[PDB]
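**Student:**
There are 4 protein chains.
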Amino acid sequence: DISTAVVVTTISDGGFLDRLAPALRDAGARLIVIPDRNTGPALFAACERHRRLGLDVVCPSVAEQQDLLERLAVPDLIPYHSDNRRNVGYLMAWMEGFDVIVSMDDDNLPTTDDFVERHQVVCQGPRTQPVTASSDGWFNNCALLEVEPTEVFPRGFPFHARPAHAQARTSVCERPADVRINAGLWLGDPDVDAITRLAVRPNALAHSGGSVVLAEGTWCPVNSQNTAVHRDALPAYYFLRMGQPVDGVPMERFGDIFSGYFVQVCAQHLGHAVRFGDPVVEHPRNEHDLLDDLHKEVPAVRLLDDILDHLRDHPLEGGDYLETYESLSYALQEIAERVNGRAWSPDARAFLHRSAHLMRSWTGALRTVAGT
Amino acid sequence: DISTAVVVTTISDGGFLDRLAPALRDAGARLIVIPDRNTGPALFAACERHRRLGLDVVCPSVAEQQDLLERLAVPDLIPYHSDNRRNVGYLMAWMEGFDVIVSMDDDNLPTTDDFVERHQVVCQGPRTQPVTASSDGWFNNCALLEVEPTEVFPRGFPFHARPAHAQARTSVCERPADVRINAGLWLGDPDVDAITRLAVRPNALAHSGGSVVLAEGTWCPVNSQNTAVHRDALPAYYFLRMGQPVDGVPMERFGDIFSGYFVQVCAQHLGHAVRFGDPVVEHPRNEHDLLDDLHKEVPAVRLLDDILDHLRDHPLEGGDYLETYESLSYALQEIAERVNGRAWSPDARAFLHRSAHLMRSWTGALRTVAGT
Amino acid sequence: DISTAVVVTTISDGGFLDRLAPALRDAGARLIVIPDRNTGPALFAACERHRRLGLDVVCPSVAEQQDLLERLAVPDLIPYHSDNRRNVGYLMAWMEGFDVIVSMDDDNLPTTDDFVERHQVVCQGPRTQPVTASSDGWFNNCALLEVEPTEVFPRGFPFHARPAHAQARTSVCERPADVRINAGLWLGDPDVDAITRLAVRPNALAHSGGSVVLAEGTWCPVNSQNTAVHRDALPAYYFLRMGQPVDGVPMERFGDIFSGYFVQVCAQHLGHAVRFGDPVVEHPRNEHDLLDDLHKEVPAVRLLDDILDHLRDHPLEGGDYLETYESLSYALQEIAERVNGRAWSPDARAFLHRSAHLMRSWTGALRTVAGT
Amino acid sequence: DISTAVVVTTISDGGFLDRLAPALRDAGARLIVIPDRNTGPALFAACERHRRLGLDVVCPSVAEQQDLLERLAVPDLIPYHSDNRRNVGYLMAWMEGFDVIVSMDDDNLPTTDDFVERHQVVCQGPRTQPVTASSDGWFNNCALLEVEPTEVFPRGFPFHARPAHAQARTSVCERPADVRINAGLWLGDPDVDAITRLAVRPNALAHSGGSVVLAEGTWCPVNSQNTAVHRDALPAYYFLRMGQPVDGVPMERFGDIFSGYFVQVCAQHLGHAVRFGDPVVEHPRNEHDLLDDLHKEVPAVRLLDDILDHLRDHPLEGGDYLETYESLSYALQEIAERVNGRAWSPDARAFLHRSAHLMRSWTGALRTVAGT
Ligand SMILES: Nc1nc2c(ncn2[C@@H]2O[C@H](COP(=O)(O)OP(=O)(O)O)[C@@H](O)[C@H]2O)c(=O)[nH]1
Ligand SMILES: Nc1nc2c(ncn2[C@@H]2O[C@H](COP(=O)(O)OP(=O)(O)O)[C@@H](O)[C@H]2O)c(=O)[nH]1
Ligand SMILES: Nc1nc2c(ncn2[C@@H]2O[C@H](COP(=O)(O)OP(=O)(O)O)[C@@H](O)[C@H]2O)c(=O)[nH]1
Ligand SMILES: Nc1nc2c(ncn2[C@@H]2O[C@H](COP(=O)(O)OP(=O)(O)O)[C@@H](O)[C@H]2O)c(=O)[nH]1
Ligand SMILES: [Mg+2]
Ligand SMILES: [Mg+2]
Ligand SMILES: [Mg+2]
Ligand SMILES: [Mg+2]
Ligand SMILES: [Mg+2]
Ligand SMILES: [Mg+2]
Ligand SMILES: [Mg+2]
Ligand SMILES: [Mg+2]
Ligand SMILES: [Mg+2]
Ligand SMILES: [Mg+2]
Ligand SMILES: [Mg+2]
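So this is what it looks like as structure tokens:
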């Protein structure tokens with residue numbers, strides 16, 4: 005028996021419920037919708053309507069949310085007017101003992117009846133399994149899709165590695181593997197960065213390449229759009245706070261890029277694995293303000309390659325995801341001071357130090373919950 | 005006979021002279037090299053050598069240049085440590101009565117023996133010829149090239165027109181046209197923005213499209229890397245001063261994007277035309293830090309769409325290029341106050357205002373030369 | 005005989021109308037209150053209350069305001085949510101033909117029944133009279149007041165001249181002078197800059213020193229809080245738009261520091277003079293977050309010394325204030341390119357260029373009224 | 005025997021040693037001079053000559069310093085081109101077991117022959133002695149001086165407490181106290197902030213009030229210009245790294261305002277005390293870019309009142325200065341997320357988190373020297 009919770013944060017009126025509730029309803033999944041201060045009241049009605057239609061959906065008011073965060077002594081941890089409020093659902097689903105947490109946006113739509121069943125691969129045991137390795141340490145999950153205009157990389161894929169990646173050796177081998185994170189893919193508008201979207205407005209047409217499980221030492225970015233996490237890894241799945249300036253420019257839109265690398269680094273350290281493939285969602289093409297998305301994403305892009313290079317070198321400690329995550333936060337602070345380059349001004353260094361304190365303030369709430 | 009001056013600014017040894025002298029020397033072309041402060045002394049030795057071998061090359065000392073500018077009462081117009089120093093070559097070539105000024109980068113190699121002769125297309129006069137018009141006002145000169153990975157747009161091409169551009173209709177009709185700007189294309193690393201370079205890393209394989217002369221009302225960005233300008237249009241070809249911050253971030257790398265749009269706009273006002281196609285140069289793909297290029301171009305890219313929209317609507321006065329350019333400078337200043345959007349903070353608005361003054365200080369310089 | 009209009013912008017209740025109204029009503033002077041988008045509607049009640057009670061007050065809506073700025077072709081010249089909207093009062097007052105425009109803040113209250121009559125000193129015409137000069141080119145109007153902790157300088161006084169000022173020689177000659185600006189002083193909280201207020205929180209106990217008329221070449225900042233301008237000078241009294249960044253930090257609180265210097269430099273070019281002294285208002289200590297005031301003024305303060313220096317060496321052209329003001333606006337554009345210092349980054353020079361355009365937009369609006 | 009080491013970091017020619025070497029040579033004090041990347045080669049000359057006349061002065065090369073910082077595992081702790089290098093002097097003098105470290109600026113000259121001896125008050129122990137308490141929590145050490153124009157506060161004195169401070173009641177009571185920090189005063193140009201120096205340019209003519217020892221809960225800023233620290237307190241005296249932006253603006257010139265408060269807060273936690281009074285140095289008026297000093301200090305000034313207020317409500321832990329300092333670093337991180345106010349942009353909050361990490365890097369290096 006696998007208890008599953010889907011976490012969404014929305015400032016919509018609740019319409020996404022209509023087409024999203026079926027696959028969760030028929031599967032008996034709980035749906036946590038996290039409203040914000042800028043969430044109009046229609047959302048709450050839409051929930052009680054769908055609860056009446058058989059879906060186990062809850063939707064805690066901001067006042068409820070803040071009460072919980074206040075009792076766990078993390079009152080300022082999670083801002084309002086942010087999709088950071090994600091973290092509230094992660095915490096609630098974990099508090100309540102769910103095995104599988106599925107992180108979604110309110111615009112992603114499952115495309116198959118077995119959406120929940122497939123994300124439950126993260127509840128498989130360890131298995132001798134085909135594992136996918138790349139000579140250069142990276143795997144491009146968009147390679148599993150038919151993408152119309154031209155080949156593309158996912159958002160958060162490092163840039164320095166892209167030119168040579170196509171010449172890298174990809175190998176499949178049977179090894180023991182214990183999947184704890186399932187990153188399901190997306191059709192229509194795929195999770196590419198604002199650079200790529202602006203340059204080729206790609207269209208993901210089909211899921212053609214199956215699924216994969218990345219060998220130790222092979223990484224690919226994991227987003228929070230269509231992603232199952234096993235309850236043991238949830239401590240390392242903290243969605244990072246955006247807004248910190250790099251060279252004076254505030255970063256946005258990369259909170260789940262850090263999180264999807266962090267949970268992934270921790271998992272490998274603990275002998276666990278990340279899977280990419282089904283189930284796939286439908287991500288509609290939002291067509292809003294691509295130049296603004298670029299302006300938001302550039303500060304993080306200017307830092308990520310260096311942060312990812314330094315994480316490889318850095319050995320971690322811990323015997324579960326909380327301890328390893330805490331050790332990681334200290335490593336980021338050592339990296340914040342060791343890294344070098346034009347993007348690394350005082351505010352850019354300081355962004356790491358603040359993020360590390362917020363990561364331990366998060367685990368600290370998980371301990372308070374657990375009496376640790 | 006038609007007299008031509010190639011203008012190149014550089015901070016290098018002069019080794020580029022070796023593969024660039026042949027075409028110039030055999031045509032009797034003048035090569036103006038603008039050295040900078042951060043320019044080693046090898047270059048000056050390199051020129052004297054090639055001069056001895058027959059190439060009519062000149063290499064005015066920083067001290068020479070600065071005396072010209074003082075004597076013209078524009079001592080602060082042209083910054084140091086910047087490829088803005090092209091402008092001295094432009095001025096020197098104008099001052100000495102050259103018919104055709106070709107703007108180049110020190111790293112662009114001619115690929116044919118009649119390089120100079122082809123750029124003299126700007127010296128044929130008006131005639132009825134095949135003219136190319138687009139239903140959306142834009143032409144994509146990169147479509148005249150076979151580009152390796154996927155279709156691309158040139159640097160400076162507005163972003164709001166890209167998605168729909170493939171659906172515009174293109175017509176070729178016999179109209180009178182007076183070509184005064186010839187933007188030759190590039191094999192290798194084509195002139196795309198940082199966004200496009202990062203996303204697809206395009207390779208320009210061949211110039212298979214022939215040449216086009218853009219109808220009135222159809223525009224395409226014009227760069228300063230492989231571009232001939234008839235001396236009457238030179239006064240509107242001032243390479244814009246970069247470094248003005250947009251919302252805090254200093255813009256760079258777009259001096260010729262504004263200059264190419266400004267000389268085009270003035271040309272069409274005066275009933276002249278821009279040609280795209282041959283002669284072709286090879287542009288070697290030496291990238292280094294693409295992410296820094298991106299950080300530099302984004303501030304200009306955030307304003308350019310709006311600047312272009314207001315330029316389509318803004319009627320200009322003037323009978324020659326100098327009159328029309330000054331009228332454009334005042335138009336930019338009206339636009340600075342009418343435009344609206346998230347990117348148009350006070351420092352973005354003031355950018356246009358200081359550019360406008362710089363533009364008229366340049367034309368004041370040319371006026372002084374011509375009044376004496 | 006002499007028509008007088010007072011000009012005040014306010015986001016208040018209209019409460020100040022209370023006690024400000026007497027001195028103006030008995031003198032039958034027009035009071036023009038310019039409300040803003042962020043102003044209360046209680047204000048308009050106050051207005052027509054007094055209009056019954058005998059005071060010729062007129063406080064027009066944002067819409068009438070915008071109607072006029074539209075009919076004068078300057079619909080973007082005066083922003084909202086900013087005391088810059090004084091300028092609407094200046095223009096209306098000029099338009100209607102008042103002889104004497106008195107600029108006030110809504111927290112300054114006359115202290116004598118002759119308030120309007122003392123400000124009318126500006127319609128005396130040329131008459132031989134005592135005139136004061138300082139060998140260093142500066143006069144400290146605060147030395148006309150008794151100030152509580154120690155000696156102070158008015159806001160806008162150049163910092164480089166402060167240490168030596170006590171050793172400058174002051175001299176008085178009787179000579180012909182035509183007073184067109186009357187800058188009356190302040191008791192209670194004197195108009196000092198944020199630096200001074202923070203350091204010594206001065207209190208101006210009395211007006212001990214009588215009045216002075218400054219000789220040509222002798223300057224002192226003039227504010228818009230208790231300052232009478234003669235109709236002919238009002239063209240040059242345009243209140244400068246704040247908000248431009250200097251090194252990324254936007255300036256504020258100095259719109260009238262520039263206008264007071266600009267009207268003054270124009271006046272002296274035309275052979276007119278500035279007076280300081282009676283009538284005295286009371287300015288209540290409303291010290292509201294002095295550190296914020298400091299953070300706002302510092303950008304402007306880092307430029308002003310250099311601006312005043314270059315203004316001394318820049319001779320102007322014009323036969324009236326409009327012409328001279330426009331000549332000034334162009335001098336500033338030269339100065340913006342000639343000056344040097346660490347504060348003179350690209351956005352700080354662009355401040356001068358956008359301001360010059362805004363000043364010529366203001367004179368263009370008045371030309372429109374007059375038929376140039 | 006009481007061993008004393010004076011620490012100075014300089015970029016000067018070494019001329020200051022003429023007027024400093026006597027009072028220290030006479031006392032057999034060691035003088036540690038920390039040069040920087042940008043220190044002339046003359047300064048090394050000066051040191052060698054001054055040792056030839058008996059001054060035990062040492063001037064370690066930047067290569068020498070960097071070897072020690074690498075061996076302590078802190079190669080990146082202390083930047084170059086910064087008076088932060090002070091810290092190297094503290095570390096060297098603490099390593100060598102000096103009882104008393106006297107932190108100086110290279111332009112602070114002793115006015116008495118008992119300079120060293122007087123600073124040795126820090127090495128007498130606890131005893132019952134006159135102890136000064138203030139009803140408001142603050143003591144203005146400049147009140148011990150005769151100041152020429154008017155009353156002033158020292159650099160780093162909170163701004164909210166200044167208006168009401170003259171109304172505070174001060175008492176002197178016999179109480180046990182243990183003086184571990186001695187802040188000697190300054191004649192000539194007192195240690196004022198840029199605000200004050202610009203406003204009134206104070207001249208400190210005499211030391212008239214004797215010396216005081218502050219009761220628990222009464223604070224006053226302590227600078228690093230003329231300040232003796234006992235051995236045990238040096239771990240808490242790390243001179244804080246400047247350069248972090250507050251709302252885009254880099255803070256500077258306040259490294260010792262923080263250190264002076266951090267050491268003071270640790271001292272009182274440990275039941276130790278701060279002294280103000282003799283001995284006195286002459287601080288010659290330097291007069292250099294005061295508007296730049298102001299631009300540099302304002303960002304720190306915008307945060308300091310809030311930090312101090314939060315420090316009063318934050319209980320610490322530790323049984324020595326290392327432990328108490330590390331405890332303080334963690335309290336700053338909590339404060340960084342609790343404080344509220346306009347200046348508290350993300351970069352300003354992250355400023356505290358990066359500082360705390362550098363504080364713990366500094367204590368870590370001290371622990372490595374001690375094997376603890
Ligand atoms: N709590 C909260 N959620 C938000 C906010 N803004 C966006 N979201 C949620 O974020 C998710 C998708 O965000 P979006 O901005 O549409 O990014 P895009 O699809 O990658 O371009 C959806 O679940 C939205 O409801 C906000 O201010 N507060
Ligand atoms: N005067 C001057 N020229 C420069 C400077 N930096 C680069 N250049 C020249 O600028 C032109 C192209 O520069 P590059 O950085 O190679 O960019 P790319 O045009 O995008 O390939 C070449 O002619 C260089 O010689 C500089 O600081 N001063
Ligand atoms: N129209 C308008 N007037 C304002 C605004 N803010 C302040 N004022 C006016 O500013 C005047 C007083 O100046 P203030 O900036 O408040 O402080 P002070 O310069 O230190 O005296 C009053 O007459 C207010 O009505 C605003 O947003 N819009
Ligand atoms: N190592 C180092 N020391 C510096 C630097 N700039 C100033 N100092 C030292 O700082 C001390 C005081 O410097 P000063 O410029 O006089 O600042 P002020 O007294 O606060 O106005 C002197 O001993 C200088 O030698 C620097 O870049 N590197
Ligand atoms: Mg989405
Ligand atoms: Mg598993
Ligand atoms: Mg993720
Ligand atoms: Mg190049
Ligand atoms: Mg032609
Ligand atoms: Mg050009
Ligand atoms: Mg006020
Ligand atoms: Mg008169
Ligand atoms: Mg004024
Ligand atoms: Mg000094
Ligand atoms: Mg100190």
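Chains A, B, D and C, in that order, give the protein sequences.
With PDB author numbering as the guide, the letters of the first sequence map in order to residues 5 to 376.
With PDB author numbering as the guide, the letters of the second sequence map in order to residues 5 to 376.
With PDB author numbering as the guide, the letters of the third sequence map in order to residues 5 to 376.
With PDB author numbering as the guide, the letters of the fourth sequence map in order to residues 5 to 376.
Built from N, CA and C at the ideal position, the CB exists for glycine as well.
Would you list, in sequence order, the uninterrupted beta strand (DSSP E) runs of no fewer than 3 residues that lie entirely inside the segment 209-293 of chain D?
**Tutor:** Complete beta strand (DSSP E) runs here, min 3: 230-234 and 277-287.
**Student:** Which residue marks the beginning of the alpha helix (DSSP H) containing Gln133 (chain A), and which one marks its end?
**Tutor:** First-last for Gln133 (chain A): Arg131 to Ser138, but that is the beta strand (DSSP E), not the alpha helix (DSSP H).
**Student:** Just tell me which of D:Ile105, D:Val284 and D:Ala369 has its CA closest to the CA of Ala210 (chain D).
**Tutor:** Cα-wise, what sits closest to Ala210 (chain D) is D:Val284.
**Student:** What are the residues of the segment 119-137 of chain D that lie near chain B, defined by any Cβ-Cβ distance shorter than 8 Å?
**Tutor:** Listed by position along the chain: nothing, the set is empty.
**Student:** For a test of your reading of the model: does the CB of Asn230 (chain C) fall under 7 Å from any non-hydrogen atom of ligand 14? Yes or no.
**Tutor:** Outside the cutoff, so no.
**Student:** Any heavy atom of ligand 14 within a distance shorter than 7 Å of the CB on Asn207 (chain C)?
**Tutor:** False, no ligand heavy atom lies under 7 Å from that Cβ.
**Student:** So the beta strand (DSSP E) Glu150 (chain A) belongs to, where does it begin and stop?
**Tutor:** First-last of the beta strand (DSSP E) with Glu150 (chain A): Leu149 to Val151.
**Student:** So with Cβ pairs under 8 Å, would you call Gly252 (chain B) a contact of chain D?
**Tutor:** So yes, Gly252 (chain B) belongs to the interface.
**Student:** With residue 1 (chain C) as the anchor, note down where its beta strand (DSSP E) starts and where it stops.
**Tutor:** Outside the displayed range of chain C (5 to 376) lies residue 1 (chain C), so it cannot be described from this structure.
**Student:** Going by beta-carbon coordinates alone, are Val183 (chain B) and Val233 (chain B) separated by less than 8 Å?
**Tutor:** Result no, Cβ atoms of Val183 (chain B) and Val233 (chain B) do not sit closer than 8 Å.
**Student:** Quick one: Cα of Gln133 (chain B) to Cα of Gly252 (chain C), how far?
**Tutor:** Cα to Cα, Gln133 (chain B) sits roughly 56 Å from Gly252 (chain C).
**Student:** Using C-beta distances below 8 Å, list every residue in its chain close to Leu57 (chain D), excluding the 5 sequence neighbours before and after it, in chain order.
**Tutor:** Answer for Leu57 (chain D): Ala25 and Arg29, listed in chain order.
**Student:** Could you tell me which chain A residues have their CB closer than 9 Å to the CB of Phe163 (chain B), listed as they occur along the chain?
**Tutor:** The answer, in chain order, is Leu202, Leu294 and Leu295.
**Student:** Closer than 8 Å, CB to CB, is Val267 (chain C) near chain D or not?
**Tutor:** By this cut-off, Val267 (chain C) is not an interface position.
**Student:** Should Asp260 (chain C) be listed as close to ligand 15, given that the test is whether its C-beta is under 7 Å from any heavy atom?
**Tutor:** For ligand 15, at least one heavy atom lies less than 7 Å from the Cβ of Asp260 (chain C).
**Student:** How close, in whole Å, do the beta carbons of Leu76 (chain C) and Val373 (chain C) come, if the pair is a contact with beta carbons under 8 Å?
**Tutor:** Contact flag correct, Cβ pair sits at about 7 Å.
**Student:** Starting from the beta carbon of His299 (chain A), find every residue of chain B whose beta carbon is closer than 7 Å, and list them in chain order.
**Tutor:** Residues of chain B passing the Cβ test: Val302 and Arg306.
**Student:** Given a threshold of 16 other Cβ atoms within 10 Å of its Cβ, counted over all protein chains shown, does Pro130 (chain D) qualify as buried or as exposed?
**Tutor:** Exposed is the call here.
**Student:** Looking at the unbroken alpha helix (DSSP H) that takes in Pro26 (chain A), where does it start and where does it end?
**Tutor:** Element bounds for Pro26 (chain A): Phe20 to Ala31.
**Student:** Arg346 (chain D) versus chain C: which residues are under 7 Å apart at the beta carbon?
**Tutor:** The contacting residues are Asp296.
**Student:** Taking all protein chains shown into account, decide if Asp40 (chain D) is buried (16 or more other Cβ within 10 angstroms of its Cβ) or exposed.
**Tutor:** By the 10 Å Cβ count, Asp40 (chain D) comes out buried.
**Student:** State the DSSP-derived secondary structure class of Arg342 (chain D), mapped to helix, strand or coil.
**Tutor:** Note: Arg342 (chain D) maps to helix in three-state DSSP.
**Student:** Please classify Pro319 (chain C) as buried or exposed, where buried requires at least 16 neighbouring CB atoms within 10 angstroms.
**Tutor:** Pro319 (chain C) is exposed by the Cβ-count criterion.
**Student:** Can you tell which of B:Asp297, B:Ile6, B:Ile105 and B:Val61 has the C-alpha that lies nearest to the C-alpha of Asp22 (chain B)?
**Tutor:** The shortest Cα separation from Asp22 (chain B) among B:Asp297, B:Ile6, B:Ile105 and B:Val61 belongs to B:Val61.
**Student:** Could you check whether the Cβ of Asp182 (chain D) sits closer than 7 Å to any heavy atom belonging to ligand 12?
**Tutor:** True, at least one ligand heavy atom lies under 7 Å from that Cβ.
**Student:** Whole angstroms are fine: how far does the CA of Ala335 (chain D) sit from the CA of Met99 (chain B)?
**Tutor:** The straight-line gap from Cα to Cα measures roughly 28 Å.
**Student:** Let me know the alpha helix (DSSP H) ranges lying completely inside the segment 13-93 of chain B, each 4 residues or longer, listed in chain order.
**Tutor:** Fully enclosed alpha helix (DSSP H) runs of 4 or longer: 20-31, 46-56 and 66-75.
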